[PDB]
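This report concerns only the one structure given below.
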Amino acid sequence: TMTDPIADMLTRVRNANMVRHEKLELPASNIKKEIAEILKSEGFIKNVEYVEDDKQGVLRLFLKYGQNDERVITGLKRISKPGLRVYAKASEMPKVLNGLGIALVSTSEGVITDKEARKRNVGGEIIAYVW
Amino acid sequence: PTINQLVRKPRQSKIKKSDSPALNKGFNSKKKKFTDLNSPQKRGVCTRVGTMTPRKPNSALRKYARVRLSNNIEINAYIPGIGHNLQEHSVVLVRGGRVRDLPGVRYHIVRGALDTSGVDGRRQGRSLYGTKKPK
RNA sequence: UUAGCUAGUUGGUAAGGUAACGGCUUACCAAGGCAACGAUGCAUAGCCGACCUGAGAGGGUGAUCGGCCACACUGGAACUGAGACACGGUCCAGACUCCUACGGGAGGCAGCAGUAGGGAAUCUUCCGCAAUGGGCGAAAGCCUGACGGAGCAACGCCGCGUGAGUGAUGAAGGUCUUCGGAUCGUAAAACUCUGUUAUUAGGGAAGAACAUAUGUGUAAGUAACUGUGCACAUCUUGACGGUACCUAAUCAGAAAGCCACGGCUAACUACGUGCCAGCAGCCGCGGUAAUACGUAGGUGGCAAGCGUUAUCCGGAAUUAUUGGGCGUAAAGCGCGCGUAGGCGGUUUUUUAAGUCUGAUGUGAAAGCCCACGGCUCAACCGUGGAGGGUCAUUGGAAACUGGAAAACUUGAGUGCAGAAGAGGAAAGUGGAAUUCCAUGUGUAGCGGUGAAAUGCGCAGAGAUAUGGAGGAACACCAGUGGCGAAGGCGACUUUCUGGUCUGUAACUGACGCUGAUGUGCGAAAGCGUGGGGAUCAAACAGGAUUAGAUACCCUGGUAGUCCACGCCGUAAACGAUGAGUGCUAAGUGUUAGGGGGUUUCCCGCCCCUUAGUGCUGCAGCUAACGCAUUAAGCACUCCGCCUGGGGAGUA
RNA sequence: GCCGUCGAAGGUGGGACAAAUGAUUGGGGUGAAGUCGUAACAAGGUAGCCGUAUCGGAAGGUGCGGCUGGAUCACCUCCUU
RNA sequence: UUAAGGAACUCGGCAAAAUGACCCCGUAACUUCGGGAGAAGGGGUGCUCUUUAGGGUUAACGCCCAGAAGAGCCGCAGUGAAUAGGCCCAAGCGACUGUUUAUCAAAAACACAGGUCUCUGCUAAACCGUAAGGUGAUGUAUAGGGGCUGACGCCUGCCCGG
Ligand SMILES: [Mg+2]
Ligand SMILES: [Mg+2]
Ligand SMILES: [Mg+2]
Ligand SMILES: [Mg+2]
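Going line by line, the protein sequences match chains h and l. One point on numbering: in the authors' numbering, the residue at position 96 of the first sequence is 97, and numbering is uninterrupted. One point on numbering: in the authors' numbering, the residue at position 56 of the second sequence is 57, and numbering is uninterrupted.
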């Protein structure tokens, strides 16, 4: 029984960076693909390719590396996790890593990066840092 | 640890104790409570003047005196300095401060505010040992 | 180391009562009510705005100033009254103090001052009603220990200064000197200015003063400002205080100290001292040459203030939500069944509690912080700003948590065909071996030790053969092999019977994970009651060693080991590693299975895949040793547990 | 004026709680170089240690089971170029 | 019967007095959980009038039974006389309750259930008797006789020379 999907995604991701093989497999979901598009828009990802069969998944990703093969992030984690959910306003939100990384967040109008959430002055329920 | 296991207990700390455990005061008379005083000093009647040694590795005849206070308890004190102007039965004021000669003392009197007279064999730390300015 | 409390309690009916509702109170019917989301009982305490600290989350306190509350010698009751169950009012009882002709009466500073008392420690028995606010009045006015305001305290904050420029001779003089010289040192002396401040004398008696009453005219209303109810004008008011402030004159003359100097810590040399006197916040100095003791000189810090003590926060990530850990360092219960609770797979639709956003109100003032202005500047004062709620009300958004509804199979469980196993309980069977006895055989030692002895033995032992009884345990097999949740389980057979793994996939369609409190199983020893008693063997006896040996060694040897029903209820119960899920390099054996190729037939060979099982090993982690798909790696949930050691797993 | 309900204080009583106290007494901490012995630290000179029982002037010994945190010597067997 | 005092008498509170019934409130230590416990301590009780609950018995009448509420009356005193428990704390001995010295001792003695040892393989042992005979025993070693100790639970040490 999986208490949490965030752990599944972010842990297969980190474990895939530490070893550096490009591609990776996982059962899908609504939020996962939304945020995956954001990471592709970050630049932390090359590409993704959805695929479908009984019933969920597998959201297949192809990762990205420098020519000298430096891992493009250094770190990662969620914040808003079970037991202790957390939220933040539009003004209150963090600017991770003074501006480099990001802080994924959900809104009344969708899942987005943090920047669009402070510009719009709409906060919401934070999901994860990444940097 | 985990969060609800912190909810359903108040996350207790490691509360300290007193270092100069004079009862503070306590209310010797009347209407006994006794707390609280937190006085920085106390008078007390001394019913003997004496001297002992430390444990190893130091060795010196350290001069002390056992004293009944205002609050009517029983404690010990090393008097500092050269010469001691005191005897049996003599009133004297008290501070705190521990020395490592031994336990059996964690206080020491002050020189010059009351019966324990200031010793003027000093000129350097005259602000202590009861001294006043020479000329 | 506080788990049951409550009977007017809880609910109803009626009445009464109160400003009002109400078990607020009486009479009746009833047995409910409250509590692990901590009732109750217990000790401690006025609360809040705020203050201290901290970068911040937070920690501590409730002085002054302001808001709320209770109290007025203790205790009770009621009158007057709008309001009190009354702080300077009564009545009663009580303790206390006091007056008395002894019949009886009087009083209440936790109001301002002040006195004693305690305590380490907290001041004048001040002037005044000018101002502001009170109370009465028609007003003048009166009362105001509220209050304005003087006085004492270095209690604190802020501010100025105890002179400034030129002045070398490196004077005297101190100290030290490797005895040349260095050091105090432009420091002094001297020269030249100043007088903030102080001494004197003048002015100012600055503001704080607006006033009400007193005369003029002006509007509402009256038949009539005749008189009335209102805006301008003049008159007239200072406790502080002859203040502050100002103006001129006079003299560098009155006005500087405390602590420390090994490191932590900026700040060194000589004397005395010799484990003595002494210091100490820590680590530690000190037994004849102390940079740590005491003295001097000099230096650093600091300033009209400085050191110590007591208390609070920090540093402390040393309760760790931000921000910790459990293989070995303190720390994972022995393990299980499961309640309450906490957490929860996917898709769709909806809802709007949570959430986000916007607005309206409120969040007193003072204070904090920002901007500004005035007191000569600062402190201080004011202004205005921002700021602050787990806050109420209300309009919007729907991704997420949540509720309601519809659908799905991958988690879980049921199937169907199979595999294995020391998995458990009861009964049954058998061989060796030890022992006891009986018999036949036959003599002088057996048995034991490192060396001995004690014991058994001529009543013929032991040894040897036969057969008998009797209890307990089960050689090989047995292997890092298997099983089970752990403790544990190894002769075999039957009866009953629990779970596991694979393949399968039709089948229900999230039914799940963890698990406080509870409930139960739990090595060996131990205990009760009853049976049995072959070995082995605490206690005990004897022998020996030994200085001695109630210890090892030796000869015997009871309880006990054993069975059944019960009870305790622990361990190095160990892998000193909680349970569950998911992801991440290989190699190599092993155990039960499954698919396929080769083989005439795999049964043989090979390749693959599941589940547990062991070893070597990377990425990575770790303080190190080490772990490494059976994680101590990457993460999530849930539970339990730790906060220096002894005291003590004690009381 | 009298009577009645309600009514504080005081009085009687039996218990709960807490603190001070008391002949002797048990255990613990500490000190002079005390006396007796030498269990543990290596195979600590009989391996230790956890649990339990008993005996002992005492550390401790013995006994049943359990672990290696164990060594002279060796793991059935498996792993290693 | 006896004011004041209240065990000073006294070998000793011997005796005497006090308590004493019903209902209600309440009831500690310790405990073998049954009790202690009537613990203790404390209260009310009379006649009349009124109102009311009621239950048994009957066609019903009324006949019985024993409560509550109020309101009043009297006397010093209301279970008015008579009959009817004195209590608390602490200790040793004994566990009990029971029996015993008829006519001086009723007890800490005896017994008692339990414990333990030894005897006894059946016309059993032991026994009464000379012997038959009979008890034991319509019994058959979880049974019968003898000794010692005395509930419970903690325990039951050393010595086999005499
Ligand atoms: Mg495998
Ligand atoms: Mg009397
Ligand atoms: Mg008496
Ligand atoms: Mg008998």
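For every residue, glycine included, the Cβ atom is placed at its ideal position computed from N, Cα and C.
Identify which residue in the options has its Cα closest to the Cα of residue i.
i: l/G82; options: l/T117, l/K10 and l/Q42; result: l/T117
i: h/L98; options: h/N16, h/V131, h/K47 and h/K41; result: h/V131
i: h/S107; options: h/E50, h/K33, h/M94 and h/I127; result: h/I127
i: h/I80; options: h/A118, h/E26, h/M94 and h/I74; result: h/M94
i: l/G119; options: l/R127, l/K31, l/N25 and l/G131; result: l/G131
i: l/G122; options: l/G105, l/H85, l/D102 and l/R107; result: l/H85
i: h/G102; options: h/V112, h/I39 and h/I32; result: h/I39
i: l/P55; options: l/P135, l/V100, l/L7 and l/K34; result: l/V100
i: l/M53; options: l/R44, l/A66 and l/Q125; result: l/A66
i: h/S30; options: h/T114, h/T2 and h/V52; result: h/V52
i: h/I113; options: h/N18, h/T12, h/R21 and h/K33; result: h/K33
i: h/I7; options: h/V20, h/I36 and h/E23; result: h/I36
i: l/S40; options: l/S91, l/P22 and l/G126; result: l/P22
i: l/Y108; options: l/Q6, l/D20 and l/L115; result: l/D20
Quick one: what does DSSP say residue i is sitting in, helix, strand or coil?
i: l/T52; result: strand
i: h/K78; result: strand
i: h/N99; result: coil
i: l/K32; result: coil
Mind reading off the beta-carbon distance from residue i to residue j? Whole number of angstroms is fine, and I expect it under 8 Å.
i: h/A129; j: h/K78; result: 7 Å
i: l/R49; j: l/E89; result: 6 Å
i: h/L27; j: h/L60; result: 5 Å
i: l/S71; j: l/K43; result: 6 Å
Counting pairs of Cβ atoms below 8 Å between the segment 82 to 91 of chain h and the segment 59 to 71 of chain h, do you hit three or more? no
Looking at C-beta atoms only, is the number of pairs between the segment 85 to 105 of chain l and the segment 61 to 76 of chain l that lie closer than 8 Å three or more? yes
Closer than 8 Å is the cut-off here; do at least three beta carbon pairs connect the segment 25 to 36 of chain l with the segment 8 to 17 of chain l? no
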